[PDB]
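Here the Cβ is made from the backbone with ideal geometry for all residues, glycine too, and neighbour counts use every protein chain on show. Please treat every number below as a calculation from the coordinates, not as lab data.
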Amino acid sequence: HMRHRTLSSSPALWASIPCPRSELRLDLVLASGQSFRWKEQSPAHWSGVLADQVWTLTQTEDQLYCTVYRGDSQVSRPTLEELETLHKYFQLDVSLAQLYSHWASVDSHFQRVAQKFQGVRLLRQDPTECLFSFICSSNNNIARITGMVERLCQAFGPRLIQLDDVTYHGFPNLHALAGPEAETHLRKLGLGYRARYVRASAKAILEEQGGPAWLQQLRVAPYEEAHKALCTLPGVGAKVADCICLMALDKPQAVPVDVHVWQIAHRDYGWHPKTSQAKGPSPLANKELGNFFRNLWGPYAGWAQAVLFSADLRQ
Ligand SMILES: Clc1ccc(Nc2ccncc2)cc1Cl
Ligand code: NI
């Protein structure tokens with residue numbers, strides 16, 4: 001039936017937001033493992049869902065070209081409010097050129113690495129989508145998580161539209177994931193142990209915290225409160241909590257610490273746990289390392305990390 005648009009195919013329906021490739025590189029941000037809902041359907045054309053709507057995105061050296069598919073009606077070009085949404089998603093208020101410059105000034109390693117990887121910024125994700133996406137992320141790779149999240153949305157989330165062979169679903173609400181046959185069905189979809197944590201966390205957020213409004217509270221709450229709050233949930237530890245804080249709760253200073261960042265810290269910064277003596281990853285050593293990077297980079301430490309992370313997936 002209807003198909004995925006290119007910029008050439010249907011130039012009428014595309015709109016644009018003025019955005020240099022130095023401020024945002026789609027190819028580095030949408031497959032960076034922040035969101036797992038974007039695919040490059042046709043070369044340099046990124047399609048994925050936002051809320052209850054599909055988008056396809058592509059860019060030039062100075063422009064971010066984008067179009068919407070409402071799903072239900074007259075196919076038209078992105079409205080103003082629809083583009084405000086997109087602007088916010090990419091947190092484009094924030095100057096990346098300034099942040100790169102600031103980091104480079106205090107970190108000679110960053111200076112050498114950031115050159116080849118410009119336009120790495122953080123998305124502002126829906127808390128719910130982010131939470132459950134990052135529960136599926138423990139002991140896993142981007143490819144597998146992408147899969148799990150797609151199957152999860154297909155099975156539990158509302159159908160929106162079909163383009164080509166791909167049927168786009170919205171992200172499920174908590175109630176949908178909280179039900180009795182939720183784990184069983186999720187286990188069928190190959191999440192394994194993670195199925196328990198999904199259901200449990202959905203059931204928890206409803207009953208223990210009073211629904212999705214809780215997550216919005218954490219967005220306005222201070223970092224430290226939000227992190228402690230998140231860590232109460234089944235399947236959510238310091239790492240996942242920091243991912244969510246950073247990517248969906250507007251805490252730029254949150255620095256998710258796993259064994260991979262340990263490696264980079266030790267190899268590239270010569271870091272060892274100083275207050276600690278135990279020589280390997282630990283609750284306290286990880287937090288120590290988080291504080292280390294905040295001290296060095298400042299209150300957008302998580303964003304700086306995102307640059308290094310994106311420079312590591314490319315060899
Ligand atoms: Cl800054 C950042 C961005 C994206 C991710 N995504 C992940 C990719 C693979 N396994 C776990 C998480 C993680 C960080 Cl720490
Ligand atoms: Ni050493």
Inset, instruction - Determine whether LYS287 is farther than 21 Å from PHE90 by Cβ, in contact with an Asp or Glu (Cβ under 6 Å, 6 or more places away or on another chain) and away from ligand 2 (no atom under 16 Å from the Cβ). - result: no
Inset, instruction - Answer yes or no as to whether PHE292 is within 16 Å of ligand 2 (Cβ to nearest atom) and either over 20 Å from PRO222 (Cα atoms) or buried (at least 17 other Cβ atoms within 10 Å of the Cβ) (or both). - result: yes
Legend entry - Every pair of residues 6+ apart whose Cβ atoms lie under 8 Å, when the first sits in region 266-288 and is part of a helix (DSSP H, G or I) while the second is near ligand 2 (Cβ under 9 Å from one of its atoms): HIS266/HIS272
Inset, instruction - Specify the residue that is surrounded by the most Cβ atoms within 10 Å (Cβ to Cβ); the eligible residues are those in region 60-119 that are outside any loop (DSSP other than H, G, I, E, B) and acidic (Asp, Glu). - result: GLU82
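Conditions tested, residue by residue: (1) touching a helix residue (DSSP H, G or I) at 6+ places or on another chain (Cβ under 6 Å); (2) under 21 Å from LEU28 (Cα atoms); (3) more than 11 Å from ligand 1 (Cβ to nearest atom).
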{"residue": "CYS243", "(1), (2), (3)": "yes, yes, no"}
{"residue": "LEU249", "(1), (2), (3)": "yes, no, yes"}
{"residue": "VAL255", "(1), (2), (3)": "yes, yes, no"}
{"residue": "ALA278", "(1), (2), (3)": "no, no, yes"}
{"residue": "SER282", "(1), (2), (3)": "no, no, yes"}
{"residue": "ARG294", "(1), (2), (3)": "yes, no, yes"}
{"residue": "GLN305", "(1), (2), (3)": "no, yes, no"}
{"residue": "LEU313", "(1), (2), (3)": "no, yes, no"}
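So that you can scan it fast, the table gives a plain yes or no per residue for (1) out of contact with any strand residue (DSSP E or B) (no Cβ under 8 Å at 6 or more places or on another chain); (2) within 16 Å of ligand 2 (Cβ to nearest atom); (3) under 22 Å from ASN141 (Cα atoms); (4) not aromatic (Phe, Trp, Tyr):
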{"position": "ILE205", "(1), (2), (3), (4)": "yes, no, no, yes"}
{"position": "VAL220", "(1), (2), (3), (4)": "yes, no, no, yes"}
{"position": "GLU224", "(1), (2), (3), (4)": "yes, no, no, yes"}
{"position": "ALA229", "(1), (2), (3), (4)": "yes, no, no, yes"}
{"position": "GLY237", "(1), (2), (3), (4)": "yes, no, yes, yes"}
{"position": "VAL257", "(1), (2), (3), (4)": "yes, no, yes, yes"}
{"position": "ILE264", "(1), (2), (3), (4)": "yes, yes, yes, yes"}
Inset, instruction - Filter region 22-57 for residues that are surrounded by fewer than 17 Cβ atoms within 10 Å (Cβ to Cβ) and in a loop (DSSP other than H, G, I, E, B) and give the result. - result: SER22, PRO43, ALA44, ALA51, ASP52
Inset, instruction - Go through region 201-229 and count every residue that is closer than 15 Å to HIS175 by Cα and not in a helix (DSSP H, G or I). - result: 3
